[PDB]
Amino acid sequence: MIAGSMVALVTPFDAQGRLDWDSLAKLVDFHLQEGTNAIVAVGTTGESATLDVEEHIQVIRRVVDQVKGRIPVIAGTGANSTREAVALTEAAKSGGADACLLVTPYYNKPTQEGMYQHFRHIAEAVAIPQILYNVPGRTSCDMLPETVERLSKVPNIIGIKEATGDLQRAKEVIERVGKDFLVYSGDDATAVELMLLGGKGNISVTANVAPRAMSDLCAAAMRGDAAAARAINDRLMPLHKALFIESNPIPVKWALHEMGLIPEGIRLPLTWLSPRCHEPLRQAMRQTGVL
Amino acid sequence: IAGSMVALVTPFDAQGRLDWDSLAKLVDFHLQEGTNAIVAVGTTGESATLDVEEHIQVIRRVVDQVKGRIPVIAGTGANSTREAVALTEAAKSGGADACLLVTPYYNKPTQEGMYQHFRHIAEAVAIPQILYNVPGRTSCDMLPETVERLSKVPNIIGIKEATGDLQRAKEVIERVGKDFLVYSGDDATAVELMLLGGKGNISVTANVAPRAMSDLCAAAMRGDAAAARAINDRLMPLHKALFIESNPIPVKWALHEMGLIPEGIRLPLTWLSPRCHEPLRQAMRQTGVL
Ligand SMILES: [Cl-]
Ligand SMILES: [Cl-]
């Protein structure tokens, strides 16, 4: 089921920037062992922007083939061209993905109607479940709740990753969509509150490094155990903050390399975490018991 | 590379196919009306929805028609350094005089990552390169300290500053060498950026008012503030209405109304909403374009 703690998985690169399949296999085994509910491969945390079409499908198949159906595998397949998004989404389907996550078009600032038409088009073009993703702090556009509600009535559009961290927005979306349309957090610091409001999962950067804790956090929030959920969240807060001290996924790749899970590669225009940021993150990782 | 530089639309037919005859009409319109350069396949040209093959073909077609009469600048930015290098290499082979490279959108690089991205591209491809800062689209802002660093890299010849912030414009102009040229990417304020020492405007409004834009840039660049401002003030209703919905949705409606292009635009962009037709039509009539 496409709910709970879903890791926004990094894509590990060796120091020359090439895909590191051995390291990817370690990460997939770690999630399998620690209670992660789903894996999101080749999204923003996975450096979607710097993977070419051939690499995008390679990663998806390698994750799908290793997971062997044990938990869902969701593929990032958004683009700011409708045509490209269709091609990425068809590739995910061919690759064996259970669902796709599609960011709102970045850069070109479509109207709300253009957002509707874009997602309506992709939903009809490719028969795979699709999850919308609203992150205005990256895309420079905001899919408003009225538009989310319209798309919630389309076949194959199963939910939304809402990344604004605006809990008034979360509540408005949750109120306006059917109970079958699931609202997931895209903001690790506030995800507990979004799930307590009725959301059904967290597509999480923190989960890369604290998957068991995040799995426990989502389960607690999702059953309404507010005290338990907030307790884990409050303990993780320094790590949620540190993991965005420079743009995600720079901090989390540093953290995963410190854990011995991945190599030091990251592709331009992203850079390895600045040394001025290493202390706050290392401290958070020790404090939460991750390292 | 200076003056009124049109941020040229890419015309499509009703089924979304490239309309080469319409493109040629537009290039002739600019040649006749005093436009000083053409920026092909940028933001106003729907770079996002052109595939690699289409991108280069548009550049090739514009270059070949222009025949050296005015500079042709190609939009070649990307949010992957690897992609940006390929676009830039392609434009150079295609005969572009320069390339315009947006700062990486969506993935929010650090300032150091911006430096390394642009310096890599400037080393990789021997074609003049113009930086492009537009935080309202990219969700990152290239700060003047980074602009200055890059202004020392060979091959990096200028910057299109689209923030509309004239204190930002002044800071950039003061920090960089007199050889590194600062161009406006905000039509409403471009006149002031040129009066501050900027050297052109990479303009949406020039698509529909090329003569007026050319006259405005020439006045601003020789320091005739009164004449530059009077032209700009005249055009202001059009500058505003051309962003009533995200550019290039309004300007494509305007160019179709003028009879210059067909009514095609590629998803996720949509044809101008009906409620926006009147204010734009009125602004075009007020300003003498229609
Ligand atoms: Cl971030
Ligand atoms: Cl706009």
Side-chain angles (χ1 to χ4, degrees), chain A residues 17 44-53 55 78-87 102-122 125 135-141 143 244-250 266-274 276-277, chain B residues 16 43-52 54 77-86 101-121 124 134-140 243-250 265-274 276:
Chain A
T44 315
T45 311
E47 284 172 84
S48 50
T50 56
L51 298 176
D52 61 35
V53 168
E55 298 175 311
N80 68 351
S81 160
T82 310
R83 175 168 63 168
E84 187 185 352
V86 170
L102 294 97
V103 71
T104 294
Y106 38 82
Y107 182 68
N108 58 357
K109 302 195 296 181
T111 66
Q112 293 303 292
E113 181 69 15
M115 297 178 190
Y116 173 73
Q117 296 296 343
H118 170 85
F119 289 109
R120 185 239 101 215
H121 183 94
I122 302 154
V135 58
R138 290 183 178 268
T139 62
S140 289
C141 71
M143 177 185 283
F244 302 84
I245 193 165
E246 294 190 323
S247 294
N248 177 58
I250 289 167
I266 201 170
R267 291 180 175 183
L268 283 172
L270 298 189
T271 43
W272 204 244
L273 189 61
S274 296
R276 67 194 297 275
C277 299
Chain B
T43 310
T44 303
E46 290 170 79
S47 58
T49 56
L50 293 182
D51 68 32
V52 174
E54 292 171 330
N79 69 353
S80 156
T81 311
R82 182 171 52 183
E83 188 185 351
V85 168
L101 293 91
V102 72
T103 79
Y105 41 84
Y106 183 72
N107 58 357
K108 298 196 299 170
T110 71
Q111 295 298 299
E112 173 75 10
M114 297 176 190
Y115 176 81
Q116 294 298 326
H117 165 90
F118 286 115
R119 177 173 162 187
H120 179 109
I121 307 154
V134 56
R137 296 176 170 265
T138 68
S139 297
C140 68
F243 304 89
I244 198 179
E245 290 187 326
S246 298
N247 172 61
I249 295 170
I265 198 175
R266 288 180 180 182
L267 278 175
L269 298 187
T270 48
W271 202 252
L272 185 64
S273 288
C276 298

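Lettering follows sequence order; numbering is per chain, from 1.
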Task: With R120(A) via side chain to side chain contact (heavy atoms under 4.5 Å, CB included) - residues at least two apart - done: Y116(A), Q117(A), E124(A)

- [ ] Would you check if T103(B) and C140(B) make a side-chain contact, meaning some heavy-atom pair closer than 4.5 Å?
- [x] yes

Task: Contacting region of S47(B) [heavy-atom separation from chain A under 4.5 Å] - done: side chain

- [ ] Could you list the residues that satisfy ring-ring contact (aromatic ring centres under 6.0 Å, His included) with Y107(A), not counting sequence neighbours?
- [x] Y105(B)

Open item on the list: Would you say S274(A) and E246(A) are linked by a side-chain donor-acceptor pair, where the criterion is simply a distance under 3.5 Å?
Closed with: yes

Task: Check: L50(B) and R266(B) side chains under 4.5 Å, non-hydrogen atoms - done: yes

- [ ] Could you tell me which portion of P248(B) (side chain, backbone, both or neither) has an atom closer than 4.5 angstrom to a non-hydrogen atom of chain A?
- [x] neither

Open item on the list: Quick check for you: among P110(A), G114(A), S247(A), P269(A), which has the greatest number of heavy-atom pairs under 4.5 Å with chain B?
Closed with: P269(A)

Task: Pick from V134(B), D51(B), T81(B), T49(B) with the largest number of heavy-atom pairs that fall under 4.5 Å of chain A - done: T81(B)

Task: Residue part contacting chain A, namely of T270(B), when any heavy atom lies under 4.5 Å - done: side chain

Task: Side-chain donor or acceptor of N108(A) paired with backbone N/O of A48(B) under 3.5 Å - done: no

- [ ] Go through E55(A), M115(A), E84(A) and name the one with the most non-hydrogen pairs under 4.5 angstrom from chain B.
- [x] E55(A)

Open item on the list: Counting heavy-atom pairs closer than 4.5 Å to chain B, which one of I250(A), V103(A), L270(A) comes out on top?
Closed with: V103(A)

